[PDB]
Structures are given as structure tokens and as C-alpha cells.
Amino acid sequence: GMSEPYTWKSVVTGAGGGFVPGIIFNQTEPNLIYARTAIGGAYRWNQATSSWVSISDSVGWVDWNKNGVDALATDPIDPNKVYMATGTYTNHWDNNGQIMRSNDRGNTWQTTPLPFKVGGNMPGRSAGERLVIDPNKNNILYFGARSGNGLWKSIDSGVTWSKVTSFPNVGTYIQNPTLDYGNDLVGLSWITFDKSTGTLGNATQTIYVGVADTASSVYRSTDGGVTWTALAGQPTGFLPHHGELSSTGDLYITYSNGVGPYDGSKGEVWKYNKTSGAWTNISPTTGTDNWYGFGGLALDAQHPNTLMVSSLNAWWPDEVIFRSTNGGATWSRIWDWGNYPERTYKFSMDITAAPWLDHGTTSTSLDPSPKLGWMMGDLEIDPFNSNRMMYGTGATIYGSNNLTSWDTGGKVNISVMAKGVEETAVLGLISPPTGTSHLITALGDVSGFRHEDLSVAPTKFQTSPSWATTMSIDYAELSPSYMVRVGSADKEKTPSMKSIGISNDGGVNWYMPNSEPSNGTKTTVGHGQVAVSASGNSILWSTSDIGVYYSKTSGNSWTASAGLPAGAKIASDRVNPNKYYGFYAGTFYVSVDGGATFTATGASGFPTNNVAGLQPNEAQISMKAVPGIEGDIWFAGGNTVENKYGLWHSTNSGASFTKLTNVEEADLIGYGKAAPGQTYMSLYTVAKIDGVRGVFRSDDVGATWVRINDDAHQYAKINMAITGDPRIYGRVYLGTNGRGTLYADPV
């Protein structure tokens, strides 16, 4: 079809806002670093700008599972080469994975499908690395796989893969045997070469492999991977997260009683000397002083007996990093107790690059804010600079450039080192037509942000209410200072927290109303979708659990809406405050009494998501009324199973819709400022049009469409959120599931 080149940039959050399970340093080129994520692809570091660049944005709609990066290897012989094991789930949520290969540090990729699933967003994703390159003969790669698939090898630089049938343990541990998520074998855990057992051009003969099997977890080959044997004398009862070999011949291994990233309530650290055969338990803590696994393992390349480990997960008051300079014989903690509850610290956190990491709470010794971290499954020391470490948490990448201050009685300065990283899952987006913000987001895990300059990190976490995930946000079109968001309050932690927040100042400050939807038996857990009347004189809340409710009393009371099914999608008219719209299971609904009463209209052909194995309350539906035009509604969504997929337009308040004949599939719709000389708002859609999957803009009410993204800027399964900017022609805001929010303008 037609295309128009655009400039695609990230909306900056400073910290990224998702879990980084692996950071991978190249072993021969200084400052060559990669980072991998569970749902958001991978990144490469740029030392000149102290920032990361995504190497995954070519991943698109059909091949979306490539953004689950379960393992990554960087070539020490030719550092232009990099490989990834990708695929997101190993259960019924996903299809088979693949090994991706690049000869230009991730600028471009080729791919080899694997005949099994890869688990970038499965349990144990911070154990590793499970994809490795022979450091003496770099056409050889090994991959340790999930689900009983065992050990795989390539001898042609990643093009072709075959099972290593002589590997004798495919794993035994299963995290969630009774669930539909993680009921498969975790499988193999990490692979570590002994480079001293090969020479350039000749296969490395000694290879170590960790396996998620508490009874027998560490394996070695000494004949180049022909024969594999469990290490005699190894400890039992735990799961090794990492195995790293020092030049002393000591193999260091961290263990947890889980594979993580969220669990681990007991742990050990061991070393095994490859020459003497001695095993030594060097666990930093033990007995009642240990209630957590050990996860991250970092050896110092310059000082062979210096190493660090992190807890996984202590959870309270914070995690601990432990440092040893004598091979684990003695350890120093990065913080200690004083007179309880006081603590002393060998570190200081600096979150000036992402000040919202304090979650809006006041720091105390027992409730530190910001924390050192959590989910610290990967901890790394720069092999070319003992003063630099990096580690991943569930929210960011932290690092230091004065690490060895620890050894001289000083404090380690830890700062956000995630510039360029955006990992959030975007549940909703609004671009208010007035005020200092053009973009307020609804995000998983870190709630969402009010953005002003899209290159500057937000200064504030969303509080009062404070929650992990905002499912939905809307604003009053005629009074955009009034806006409402809904999420799910953690009432175990804060029983007075509500799952709805209201703002009268454009989203800068929020308050919680005096009541929430409830029935005779329970109050809503929240989530669902929210719509705000044109004038702000009412709120409609389609809750996740107990149906649709309206309030005309600013949330002082809520009343169940008549006629609209529980789980319905909802939308307010942007002109007429009495008018709302609903949709469920193929039927369209209208209310003309402010959300109190809904009546069906006649609209046909919408995906029912209710025939031939489909479920209505999990449909892909984007439905919005148009700013400035009463009764004008666009609807995108559907699927191929029903042959009900595309983009529909109503101008009579939902009484009838025209299905656009020139849009084969569509999943999202949004609006922005009209083009010069046009009166109708520009349309932005995520769609398949003229045979091309992408992001498209129409300046003529859908008569013609131009693709405004391209094959290098696809962002995987972009069925999350989209809007134009009512104040900036051409501007699009695109939500993603693991790449944060993008904004883009014509070239």
C-alpha cells in the first residue's frame, strides 16, 4: 500500500519500569553490553551516551513472541555477532520459539525456528545464560532448553540446531504443577565454558551445565560435549541460578530453593575447585539468618577471588548484596542492622533519572524507598572495570561506577542505569486537549504517568490512590482537568485504599472517592474500564468482577447500570454528557440517561467472541466516540475465526455502523488533530490494510490510509492502546506490551 516515513521515539520513563532478568557483558570488547527482557526484546549499551538502544523493534505482529528474550549470547571472537533464544511462553499461550542471529550487533536479524517453545516470560528466566558461544571456536553454540527438551547445539554459528542426545538430565523441577502457567519442567539453567581447555580454532573441551533438578543439578563434559557427567560431590536440595568460573579454577554457584523470579525462601552458595575437586559451602548467610535464595552471581575479572552475590528474594526490609575478596571465605554485606530497627548502609540510591521510583512513599529503615531492589536474579561486574556493576530488578537496571569504594570503607553510589529502556505494558492512553500534558498513561506494575516533556522522566508516582496497575483512564472532554482512573487497590496492605482515583487538576493530584461499587456481598476488586461523561458530571465504571456501575455523586455512591452486561466495553459520548455507549458479545448498547439504563441497538457483524470456542469477556475491542461530534463512534476489533474483523463507523449514536470496506483487519482506533485544510480529526489505527500489517493514518475519514510505521518499528503485539494528539497534527502515541509508549511524527 502507501507509506509515509515517520520518526519513532520512546516516551521517556527514565527507569524502564519492567524486569530485566539478564545483563550480558562481552568478554573481549570493553563497554559492549546487552540486556534482555521478558516481553520487550533486548537492548545494547552505548558507552558514549550511557544509554541503551533496543535491538528488537523489527519484531512485529505475527512474530510477536520474539520479544520474549530467554537467553542472549555475545561473541568474544567476533563481537559483531550476537544471538538470542526467543519465544515468550511454553504453555498454551504461545507457539514454538527460535534462535535469532545477528552479525551487526542486533541491527538486523535472521532466525531459525526451533521445534519447541522458548520461555522468555516463564519462571526461571533470570537463571543463565542458557545460550552460549564457544570462546575458542565461535561457530559452536549450546542452548539449554525448557520443558524436557534438554541440551541443543549448533556447529554452524547458529543456523542449524540439533539435540545433544548424550545430555542425561533434562530437568526435574516444576514451579506450578497444578496451574496452567509454569506446569512444565523449567529445564536447563546455565552453561559455562572453561576457556582454558581450548585454544583459538579448537573446540573448548570442558563445559559445565546447570540443571533445574534439586537431586543432581551440575553437569560437566571434559571431551567437548561428547560425554556428560554429574559433578561428584555436589550439594543437593537446591536449584543453581548461575555458575561462573574464576581463573583460579573455582567454579562458583548460587542456589535458591526456587527458580524465581518472585520466590526463593532458602539458599546456598558453593564453590568447586576444578583442580583439587574440593567443594566449599560459602553461603553468606545461613540458619535463621537465611530466608531467601541466592540469585545474582558476579565475579570480578580483574581480581580472581573477588565476587558478589545477591539475595533472591529476602523481600524485607530490602534485598542484600554480599561481597567477598577471598573467594567467599568471608563476606561483607551492603547493609547491616544497628540497634533495631536502625540500619547502616554501604550504598546510597540515586533515582534522579526516574524520581517516581520512590512510589510516592516516605523512606524508613524498615520500608526503604527506593529499595536497593527485588528480583535481583542477575548481577554483573564489568570485566574491564571492577568499579562498575549493573543489576536488574523488577523495575529497572541499577548500577554503580564506584563499586570498589566498598572495599575502602566508602559508600557505593547506585543510580538508575536504564536510560533508553522502556518495558511497560500500556493498558490505556489519553492525550488531553488542554493543559500542560499531552499524554497520560495507564500502565501495568508502575501505574502510569502524566508526561510533560516526552524526553524528561516523570517526577511523581501516582498516589492517593496508589496501586500497581491502572487498567483504564478517561477525561471529561468539555472539562479536561477532570479525569478518572481505575485500577486494583491492594487492600491487604492498605485496607482504606480505593480502586478508583479522581483528579480535578488534569491528573497532577488525585483523590479517592468515599465509596466504590458493591453488591450485597462484596466490594469490587476494581480494574475493568472507566468512562467519564462529556462534562464530568458522571462516571461509568465497568468493573472487572461485579458489573457496570454509574455515579452522579462524584463516587459518593454507585448504582448498577440497567441492561448492560458485566464485562462490557464502555465509552462516553464526547459532546452529550447524558450519552454513553457499551458493547459486549457482539451487541452494541446506548444510554441516554447518563449511564443508568442501557438499551441494545441493531448493530450486526461485530465479533461476538461467542461462537466456535470464543469467549466474550476477553475480546479485542477498541471503541471511542469522537471529540466534538455527538453520536460519532469508531469501533475496531475482531478475529479471523468469526470473519468479523475490521473498522466500523457510526454517525447515529450506534444505531448502525458502516464497516469500512478498505480495512481487512483492525484492532485499535484513535484520533488526532485534523490535517491542514481538513475538518475531521485524523484517524490512527493498528490494522492490516492493503495486505500490510502496521500502524496507519487517515486524513479523509477513512477513505484512504497511509502506513506511518515501517518494518524496523513494529513493536510486536501492538493491540494495547493508540491515540492521536488533538493539538498536534500527525502525532501518534502508540502503546505496546513490553516496549512502553512510543510517539511519532512525520519525517
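Position 1 is the first residue in the sequence shown; the rest follow in order.
Of the two segments examined, 186-194 and 387-395, it is 186-194 that shows the higher average Cα temperature factor in the deposited entry. As recorded in the PDB entry, 696-704 is the stretch of 696-704 and 31-39 with the greater mean C-alpha temperature factor. Ranking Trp52, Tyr680, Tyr715, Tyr684 by the C-alpha B-factor listed in the PDB entry places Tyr680 at the top.
The PDB entry assigns the greatest CA B-factor among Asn639, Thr470, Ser533, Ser126 to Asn639. Split the chain's modelled residues into thirds by C-alpha temperature factor. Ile722 is in the lowest one. Per-chain ranking of the deposited C-alpha B factor places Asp70 in the lowest third. Ranked against the other modelled residues of its chain, the C-alpha B-factor of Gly563 as given in the entry falls in the middle third. When the modelled residues of the chain are ordered by their C-alpha B factor, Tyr482 lands in the middle third. The deposited CA B-factor of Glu422 belongs to the lowest third of values across its chain.
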